[PDB]
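A quick write-up on the structure given underneath.
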Amino acid sequence: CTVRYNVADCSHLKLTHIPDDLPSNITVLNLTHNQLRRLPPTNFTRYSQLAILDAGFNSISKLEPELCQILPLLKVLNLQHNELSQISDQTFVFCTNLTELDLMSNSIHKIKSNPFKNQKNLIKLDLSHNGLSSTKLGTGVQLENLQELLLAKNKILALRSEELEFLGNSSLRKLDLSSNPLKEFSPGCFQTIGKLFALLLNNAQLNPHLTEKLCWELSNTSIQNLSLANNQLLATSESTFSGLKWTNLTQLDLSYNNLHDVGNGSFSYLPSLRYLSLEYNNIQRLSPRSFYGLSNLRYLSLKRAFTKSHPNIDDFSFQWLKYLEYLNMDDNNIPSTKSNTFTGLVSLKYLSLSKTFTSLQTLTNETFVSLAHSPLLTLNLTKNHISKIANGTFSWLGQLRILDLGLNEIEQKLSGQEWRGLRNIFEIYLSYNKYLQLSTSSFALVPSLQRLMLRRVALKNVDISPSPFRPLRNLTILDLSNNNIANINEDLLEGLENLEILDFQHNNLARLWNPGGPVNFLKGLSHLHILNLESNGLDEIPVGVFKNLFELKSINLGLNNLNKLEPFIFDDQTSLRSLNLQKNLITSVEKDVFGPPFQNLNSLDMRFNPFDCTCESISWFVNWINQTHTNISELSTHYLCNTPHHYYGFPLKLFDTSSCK
Amino acid sequence: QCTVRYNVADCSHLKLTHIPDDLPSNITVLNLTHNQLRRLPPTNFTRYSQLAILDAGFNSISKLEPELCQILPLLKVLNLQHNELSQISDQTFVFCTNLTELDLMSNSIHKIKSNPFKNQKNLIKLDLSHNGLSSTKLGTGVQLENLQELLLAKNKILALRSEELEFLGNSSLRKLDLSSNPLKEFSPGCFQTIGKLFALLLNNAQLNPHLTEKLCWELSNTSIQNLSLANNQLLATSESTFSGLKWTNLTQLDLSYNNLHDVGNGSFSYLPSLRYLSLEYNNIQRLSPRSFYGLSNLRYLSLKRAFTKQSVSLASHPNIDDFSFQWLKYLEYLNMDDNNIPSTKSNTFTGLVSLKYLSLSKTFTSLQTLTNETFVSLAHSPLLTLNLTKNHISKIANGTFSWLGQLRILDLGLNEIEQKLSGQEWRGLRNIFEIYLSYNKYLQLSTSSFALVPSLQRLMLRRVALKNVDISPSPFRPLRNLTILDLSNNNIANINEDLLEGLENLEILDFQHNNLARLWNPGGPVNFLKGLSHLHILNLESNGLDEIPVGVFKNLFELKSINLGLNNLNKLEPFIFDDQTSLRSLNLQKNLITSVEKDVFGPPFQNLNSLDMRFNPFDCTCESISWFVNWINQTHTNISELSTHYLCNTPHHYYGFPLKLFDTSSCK
RNA sequence: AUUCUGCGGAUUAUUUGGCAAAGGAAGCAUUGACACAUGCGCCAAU
RNA sequence: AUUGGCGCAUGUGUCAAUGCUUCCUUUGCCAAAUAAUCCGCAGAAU
Ligand SMILES: *[C@H]1O[C@H](CO)[C@@H](O[C@@H]2O[C@H](CO)[C@@H](O[C@H]3O[C@H](CO[C@H]4O[C@H](CO)[C@@H](O)[C@H](O)[C@@H]4O)[C@@H](O)[C@H](O[C@H]4O[C@H](CO)[C@@H](O)[C@H](O)[C@@H]4O)[C@@H]3O)[C@H](O)[C@H]2NC(C)=O)[C@H](O)[C@H]1NC(C)=O
Ligand SMILES: *[C@H]1O[C@H](CO)[C@@H](O[C@H]2O[C@H](CO)[C@@H](O[C@H]3O[C@H](CO[C@H]4O[C@H](CO)[C@@H](O)[C@H](O)[C@@H]4O)[C@@H](O)[C@H](O[C@H]4O[C@H](CO)[C@@H](O)[C@H](O)[C@@H]4O)[C@@H]3O)[C@H](O)[C@H]2NC(C)=O)[C@H](O)[C@H]1NC(C)=O
Ligand SMILES: *[C@@H]1O[C@H](CO)[C@@H](O[C@@H]2O[C@H](CO)[C@@H](O[C@@H]3O[C@H](CO)[C@@H](O)[C@H](O)[C@@H]3O)[C@H](O)[C@H]2NC(C)=O)[C@H](O)[C@H]1NC(C)=O
Ligand SMILES: *[C@@H]1O[C@H](CO)[C@@H](O[C@@H]2O[C@H](CO)[C@@H](O[C@H]3O[C@H](CO)[C@@H](O)[C@H](O)[C@@H]3O)[C@H](O)[C@H]2NC(C)=O)[C@H](O)[C@H]1NC(C)=O
Ligand SMILES: *[C@H]1O[C@H](CO)[C@@H](O[C@H]2O[C@H](CO)[C@@H](O[C@@H]3O[C@H](CO)[C@@H](O)[C@H](O)[C@@H]3O)[C@H](O)[C@H]2NC(C)=O)[C@H](O)[C@H]1NC(C)=O
Ligand SMILES: *[C@H]1O[C@H](CO)[C@@H](O[C@H]2O[C@H](CO)[C@@H](O[C@@H]3O[C@H](CO)[C@@H](O)[C@H](O)[C@@H]3O)[C@H](O)[C@H]2NC(C)=O)[C@H](O)[C@H]1NC(C)=O
Ligand SMILES: *[C@@H]1O[C@H](CO[C@@H]2O[C@@H](C)[C@@H](O)[C@@H](O)[C@@H]2O)[C@@H](O[C@@H]2O[C@H](CO)[C@@H](O)[C@H](O)[C@H]2NC(C)=O)[C@H](O)[C@H]1NC(C)=O
Ligand SMILES: *[C@@H]1O[C@H](CO[C@H]2O[C@@H](C)[C@@H](O)[C@@H](O)[C@@H]2O)[C@@H](O[C@@H]2O[C@H](CO)[C@@H](O)[C@H](O)[C@H]2NC(C)=O)[C@H](O)[C@H]1NC(C)=O
Ligand SMILES: *[C@@H]1O[C@H](CO)[C@@H](O[C@H]2O[C@H](CO)[C@@H](O)[C@H](O)[C@H]2NC(C)=O)[C@H](O)[C@H]1NC(C)=O
Ligand SMILES: *[C@@H]1O[C@H](CO)[C@@H](O[C@H]2O[C@H](CO)[C@@H](O)[C@H](O)[C@H]2NC(C)=O)[C@H](O)[C@H]1NC(C)=O
Ligand SMILES: *[C@@H]1O[C@H](CO)[C@@H](O[C@H]2O[C@H](CO)[C@@H](O)[C@H](O)[C@H]2NC(C)=O)[C@H](O)[C@H]1NC(C)=O
Ligand SMILES: *[C@@H]1O[C@H](CO)[C@@H](O[C@H]2O[C@H](CO)[C@@H](O)[C@H](O)[C@H]2NC(C)=O)[C@H](O)[C@H]1NC(C)=O
Ligand SMILES: *[C@H]1O[C@H](CO)[C@@H](O[C@@H]2O[C@H](CO)[C@@H](O)[C@H](O)[C@H]2NC(C)=O)[C@H](O)[C@H]1NC(C)=O
Ligand SMILES: *[C@H]1O[C@H](CO)[C@@H](O[C@@H]2O[C@H](CO)[C@@H](O)[C@H](O)[C@H]2NC(C)=O)[C@H](O)[C@H]1NC(C)=O
Ligand SMILES: *[C@@H]1O[C@H](CO)[C@@H](O)[C@H](O)[C@H]1NC(C)=O
Ligand SMILES: *[C@@H]1O[C@H](CO)[C@@H](O)[C@H](O)[C@H]1NC(C)=O
Ligand SMILES: *[C@@H]1O[C@H](CO)[C@@H](O)[C@H](O)[C@H]1NC(C)=O
Ligand SMILES: *[C@H]1O[C@H](CO)[C@@H](O)[C@H](O)[C@H]1NC(C)=O
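Structure follows, in structure tokens:
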């Protein structure tokens, strides 16, 4: 086994009998994932210390009351996915300290007597998928403190004020009841539960009426959370959840319900509902009176909540949710915004509209007008096919901090105005578009920027002076990867005293490092930590173009053509933590070059290079390898030598430098 | 100094100040052209009394004394083009009676008095163009006995008279140029006065349909055969236009670049002898059946860019209708490239029963699909050549060529063909030589694609994105007489050895750019190239090749040229080349070759002509370049750039070191 | 038979990653064709 | 000098060809996950 400290962990051993050869000084034992005859109730003397046991996923026929008295110190008994066809009270009579009881696949079709007239400390109690046709587990009031009764994937037909009353002052925190083909909730079938907090009627085929009816039985109860996922509420009315009026409801779920109708004031009865999920549903539209009722709601989810003859929500439909702060509407077909869509949400601080529109080709200055009085900080607009953003398009989103226009068709030339009004904007994720010609003023209007992504946006004109990023001083993270940036003059990046992370992966910045003076890129970004120049056409790192970058933590120059390392390219990276020069054309590893960075390094990576197995080359290196503990992955396979003949395909590591010096 | 060398003393652009005359007197020619020349010292030519001709043009020569001709009695060619010589009289050439070629092109000699050449009796070529001549007259007496070329073009002649032309009595001109001359009138009998006038060139002379129509009669009863009318304003023609030629014997006629919009009926009814006719670069609206009535002798017709642009919006797409070529029963070469003709008609080419060469490259605009009724017209025409490149052809249905029985060379390249050849598209090409089919959209092949035409010698399939060439048998299975095969730039995914089975004549094979990389342990390497004993030049440049497996070049004795450039090949298992002992040129440039051993490159290096392995990561140690560096020192197999592009890549002290300068005196 | 358990093997679909290659495009460099200039020296006719 | 013909050399632009670098897309193969279906060995439950 893994014999993990204290807790015995036997993963998958294809084990035969119940073993007792390892330590006897422990409190847990994993036997799960093994072939088990039955549980020897007496073979548990050598282990009189175990507190819990991972004993599920085994072929266990039956169990004797013996196993509980042999291990008085036992809180968790895991017996899920086992046989145990039938059982009575005897089995757990000696388990009074038990707190978590697990039985998931034991097809225990019926239950007689009061089987747990003992467990007083048992909270979790999963009895699901076991063929139970009833909920009853006794006629007396037991299970003093139980907080989870899992009965789902079972075949219960109904609930009565009688087969449920066995819980008297019993207060369940989470009562599961999924997959049960319930057709009726006998009156007062909840008034009999001590105090019922959570509930889960997932996949139980509920009719708008069974639902409408069930509600009243959920009245005057301490119920706060309720799940109705995967049912047939093809529609709802004010009368549907009418029964809940007498309740105190926090979260309500109605996802995956092919809900086509969401009648008026259907929720007029939840003046306390704070959370509501309408995910994956087919709603036709939302008139203004749609949400009348939820005046406490703070999180609304319409992820894929509409039909696909296009569906749409009209103005002043959210006017009632004056306390909502998180509105999600991803994966949908809504045409476009209206002049008054989001009118009313004066608390909205997080809004997502990823792949939510179909005809919003152009972002106009009248698009987000609705969100004028909403304290909006987040706005995801990815995947909307947005191809052009006119002036003042965001002027109303005064307090916006994180805006995201990625994975879109934007093809225009930022002239600083598109950001007119983003007073305090944090980051602007703008990666993955068609074309983004920049100008000298593109960002002058928003100098509050910290992160600016521009991945695969085919940038053009970044060589103009001053640097279009000139006004972005508080800028820390900047990404210009996968743009095939033709070229760029040093002016760029001038004054970014905070630029920490910079990405240039894939940008043919090749020739910029002789002819016309080597572009002393990266001047003074003292604070620059992780630099990325992977696959950039780099063939020659010129003398000291990494000077004064003391705080530079991670350099990545993979996928390049770099064999000519002028001694001293790395000098100030004496704080470097991880270097990457994989898939290059590196022949030799000298000390004047890789020395200083190798100093306090954490993990190096130079696999797949044409290593030369001679002493003018790998000598200093092979040794460092033998005598350093800087994590170097695959040193064993992918560090082979390429020359000369006798040393071809020879693991670089196994090179005796005992004949060299 | 000059170049001299063998009696033709050539002094190139030498910046020559004064006419130099050194010892190479034992010669017969001297080039002084392209140098700064004061004047020609008529006496400095004693040290050179042997010269037969002199390249003396493109120099600043003021004037010339009659002296230079008597100093060099042995003189046939006098080149004085692009020089000054403003004026001159008979004196200048009095001593040049042996002279046969006289050149004067840029000397602005505006007028000519007397009989300047009362001496030249052996002078044939006589170029006097761009010289400011306002007249053709060069004398009043009948001289220049035997002259075959009188070049007077780019001049300012206003007309030709039976008077200023008569100075040629029994004089028979073979080629009489008269281009750029602003001629407005041809005084009657202005040719009846030339002994015998064969050729003529009135290029860019601004001729009216009438000046033309008129000029014709003066060209009558003359010995005229060729006539050029390029760059004029014959915006149209009628039967009456060339009516004056009826009294002639006309071989070739040119009317290119004439914005000809009208080609009236029977405009050529008068040329029962014209064999050649060029209507290139013109704007003809259409060709009714009666268009070509008259040319029953024509054998070569050119309509290259000969019909008006397509309007599309103005619906003015020009076109020729049926039975318009019925008269040219003797034509054998018809060209109609660069045009807007809509498409073929059921009877377009009807009548051409001699047509053996036909070109229709970029001739059609709406011929998206080749139907079985397209080339019906060419049914009775002995067609051997057919270029259809650049027509946007995207689909060729069954029996599309059935009528072209005798076709040998067919070309459907640079087209949009996107269909799957199922052997039927070639139904009827009884004796077809080559099928150039490169540069199309997609050509899915089947097991029968070529079974119908086993007469194939060459089959090109460059950049046609072939698909399914791995099917068995090889779709080329029935092509036995096939010699040249090209499957380049198709990114052929893969292929099994079956392919090429039985091509005992396959000599040239091209595989440039086809990621055939991994084919050389997936179920064993593919014994591609089995038994093509007769394969001469093999090309596998840039093919992903990273490992040439053991002996996949066995029995290829007759293989002359292997090209494996742009690949990743450093692992050469001794003996990959054994039977290429006849190899003449190897190419393994831009690879990842470390070392050159003898067990590997030995046999081919034997009788080799030219090797090429530049740009590789050469290792400057003896386990590697040792045997090689020597071969270099002691072999004379032409190896280009051995000096620069054969540097070493390892180790450190030998990096960037010319491979050649490696002393193997410390090894072996 | 219906199913639970452990281990191993197979096929398909979707997603990703790597390698090789193709097409098109971008930046830089080289070469050749041509056109519009310039400076130097020499000349020619006014 | 006005206009022109030469000789040498230096410019810009357009077009075309070639080479290096790169990017986007696609194709072949391979690897890893996830899911669906299946098959073999071993023990078992009603
Ligand atoms: C507005 O909404 C958008 C969606 O509605 C938000 O975008 C979503 O962001 C999440 C989180 O970034 C994305 O999820 C993962 O995206 C990448 C891509 O996955 C790739 O790696 C997988 C690994 O197995 C592959 O299987 C995939 O095929 C694919 O190639 C992942 O790489 C991320 O995982 C990361 O996991 C750890 C966590 O830090 C890292 O260590 C890893 O290195 C790795 O990077 C993401 O979890 C999600 O794709 C995207 N939406 C979707 C589903 O498309 C958008 O961000 C939001 N705006 C904001 C900022 O609020
Ligand atoms: C039916 O008619 C077609 C035209 O209507 C004709 O099409 C072409 O035929 C061939 C190609 O198929 C072509 O050949 C000449 O042109 C190529 C291309 O050269 C290019 O590159 C040059 C680079 O410096 C550039 O200057 C040029 O401007 C041009 O863009 C040229 O390479 C050929 O010469 C080479 O030939 C050898 C190559 O095998 C080589 O070894 C030699 O050294 C030499 O360089 C040719 O000069 C024609 O020009 C195309 N026609 C036109 C006008 O487009 C079809 O071939 C014809 N079908 C048949 C076969 O009947
Ligand atoms: C074009 O036609 C011919 C070219 O073949 C040229 O004229 C021909 O000139 C010859 C002799 O000069 C003529 O010969 C005569 O032929 C007759 C007919 O058989 C014969 O009986 C006589 O004995 C004599 O030999 C010939 O007829 C004549 N051809 C024509 C036009 O009929 C001339 O170059 C051109 N035509 C003309 C005259 O413009
Ligand atoms: C959901 O409904 C209510 C949310 O608005 C809230 O009801 C609370 O009910 C208790 C009843 O025990 C009230 O407490 C009263 O307790 C005794 C009654 O015997 C009085 O002497 C006290 O003075 C006190 O008023 C609460 O006032 C009432 N909550 C409030 C402040 O509105 C519960 O959250 C839920 N009701 C239940 C338990 O079903
Ligand atoms: C939102 O306002 C932008 C800034 O005013 C505006 O920029 C565009 O228009 C201005 C003129 O209004 C251009 O600036 C210059 O204006 C003078 C005359 O006022 C012109 O002589 C000069 O040629 C130039 O046009 C900006 O250059 C121009 N931006 C670009 C690069 O197109 C926006 O147009 C406007 N909203 C949009 C996107 O239309
Ligand atoms: C000319 O090109 C093709 C060559 O014959 C020709 O083939 C296609 O049609 C034939 C029948 O004419 C198909 O042959 C078979 O026909 C029997 C009919 O009973 C089917 O049962 C059998 O499955 C098969 O289809 C060919 O399969 C089919 N394509 C090939 C050659 O695989 C074309 O029809 C003809 N050109 C056209 C499209 O008119
Ligand atoms: C919600 O109920 C209304 C019925 O009341 C009307 O609409 C309210 C939003 C409010 O504005 C009241 O003053 C109105 O009296 C449904 O509204 C329309 O009802 C008519 C009935 O003739 C129907 O034809 C329309 O389709 C409805 N929509 C329009 C054009 O206003 C509304 O349909 C109900 N919500 C849904 C769609 O279930
Ligand atoms: C050449 O002459 C034709 C008429 O002469 C021939 O036209 C053939 C199409 C055919 O009928 C043949 O038997 C006949 O000998 C002229 O074309 C006609 O021109 C008149 C104007 O006078 C118009 O009515 C038509 O465009 C056209 N009609 C016909 C019957 O073709 C024309 O002068 C010239 N051809 C062309 C179009 O250039
Ligand atoms: C309703 O939702 C779940 C139980 O179904 C609970 O969620 C809240 O408590 C969790 C701690 O266990 C937090 O991690 C969750 O983030 C939090 N929900 C939120 C605000 O996201 C919650 O206890 C249940 N009912 C309530 C509100 O008590
Ligand atoms: C964005 O600004 C306003 C939106 O408030 C748009 O409308 C105004 O623009 C012009 C002002 O003279 C006129 O064309 C409109 O009549 C005027 N209307 C309003 C709302 O007052 C404006 O068009 C938008 N910007 C543009 C032009 O794209
Ligand atoms: C007319 O044709 C050209 C004029 O440019 C010349 O060449 C002709 O004769 C050559 C010798 O047989 C051939 O090679 C040419 O193909 C042929 N040109 C033609 C007509 O196509 C020649 O000057 C002329 N020939 C004569 C005298 O008729
Ligand atoms: C190609 O073959 C002939 C060539 O003219 C076309 O015509 C024949 O086939 C057609 C049958 O649908 C009809 O046009 C006639 O039956 C016949 N014509 C004859 C010989 O008079 C034929 O249409 C073309 N191929 C097809 C059938 O599409
Ligand atoms: C970015 O730079 C700093 C740090 O974010 C911001 O300065 C803050 O605000 C004022 C400066 O005028 C002072 O209170 C402190 O210097 C900073 N306070 C802190 C620590 O948050 C500066 O205002 C920012 N620039 C922008 C986006 O306007
Ligand atoms: C291709 O191979 C040869 C090429 O010469 C062809 O045979 C010649 O052509 C005919 C055959 O019909 C004979 O009359 C000749 O005598 C043969 N050449 C000589 C003189 O030996 C053969 O027919 C062709 N094969 C195919 C399928 O086209
Ligand atoms: C729960 O248990 C008893 C019944 O056994 C019940 O009467 C009483 O209300 C509760 N006692 C507690 C735990 O306070
Ligand atoms: C001819 O030769 C003489 C010999 O002295 C020389 O001076 C003269 O320059 C030559 N002719 C010229 C001017 O070229
Ligand atoms: C050419 O010479 C004279 C010119 O006067 C002429 O009479 C004679 O007949 C011609 N020679 C021939 C062709 O016999
Ligand atoms: C219990 O398991 C052990 C396995 O080590 C075995 O030796 C012993 O015989 C078993 N006892 C029973 C129940 O027979």
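Protein chains in written order, with the UniProt record's numbering: chain A, 29 to 336, 343 to 547, 551 to 698; chain B, 28 to 547, 551 to 698.
Every residue, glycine too, gets a C-beta built ideally from N, C-alpha and C.
- Sub-8 Å separation of B:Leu179 and B:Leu150 beta-carbons: Against the second sequence, residue 179 of chain B aligns to sequence position 152. Against the second sequence, residue 150 of chain B aligns to sequence position 123. In this structure, B:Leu150 does not lie closer than 8 Å to B:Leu179 by Cβ.
- Closer than 7 Å at the beta carbon, the chain B residues around A:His682: Counting from one through the first sequence, the residue named residue 682 of chain A turns up at place 645. By Cβ distance, chain B contributes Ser625, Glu653, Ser654.
- Check whether the Cβ of B:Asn362 lies closer than 8 Å to any Cβ atom in chain A. Walking along the second sequence from the start, residue 362 of chain B turns up at place 335. B:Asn362 does not count as touching chain A.
- Query: What residues are listed by DSSP as bridge partners for A:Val56?
  - Reply: As a working mapping, residue 56 of chain A is identified with position 28 in the first sequence. Residue pairing of A:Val56 in beta bridges, as defined by DSSP: A:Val35, A:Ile80.
- Item | Start-to-end residues for the beta strand (DSSP E) that takes in B:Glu128 | Here residue 128 of chain B refers to the residue found at position 101 when the second sequence is read from its first residue. Here the beta strand (DSSP E) through B:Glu128 covers 128 to 131.
- Note down, in chain order, each residue of its chain lying with its Cβ closer than 6 Å to the Cβ of A:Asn285, except the 5 sequence neighbours on either side. Mapped onto the first sequence, residue 285 of chain A falls at position 257. Excluding sequence neighbours, A:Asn285 sits near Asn259, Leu261, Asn309.
- Item | Proximal residues of chain B, C-beta to C-beta of A:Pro579 below 9 Å | Your numbering for residue 579 of chain A matches position 542 in the first sequence. Within chain B, no residue comes near A:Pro579; the closest Cβ sits about 17 Å away, beyond 9 Å.
- Message: Tell me whether A:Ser386, by its Cβ, gets closer than 7 Å to a heavy atom of ligand 5.
- Response: Reading the first sequence from its first residue, position 352 is the one you call residue 386 of chain A. No.
- Task: Could you tell me if B:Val630 is buried or exposed, where buried requires 16 or more neighbouring beta carbons within 10 angstroms of its beta carbon?
- Result: By one-based count along the second sequence, residue 630 of chain B stands at place 600. With a 10 Å radius around the Cβ and a threshold of 16 neighbouring Cβ atoms, B:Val630 comes out buried.
- C-beta atoms of A:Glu191 and A:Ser162 nearer than 8 Å: Locating residue 191 of chain A in the first sequence gives position 163, where the first residue counts as 1. Locating residue 162 of chain A in the first sequence gives position 134, where the first residue counts as 1. Yes, the pair counts as a contact, with Cβ atoms nearer than the cut-off.
- Would you say B:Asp348 and B:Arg313 are within 8 Å of each other, going by their C-beta atoms? Numbered from its first residue, the second sequence carries residue 348 of chain B at position 321. Numbered from its first residue, the second sequence carries residue 313 of chain B at position 286. A contact, by the Cβ cut-off of 8 Å.
- Item | Proximity below 8 Å, CB of residue 9 of chain B to CB of B:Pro502 | No answer is possible for residue 9 of chain B: the residues shown for chain B start at 28 and end at 698.
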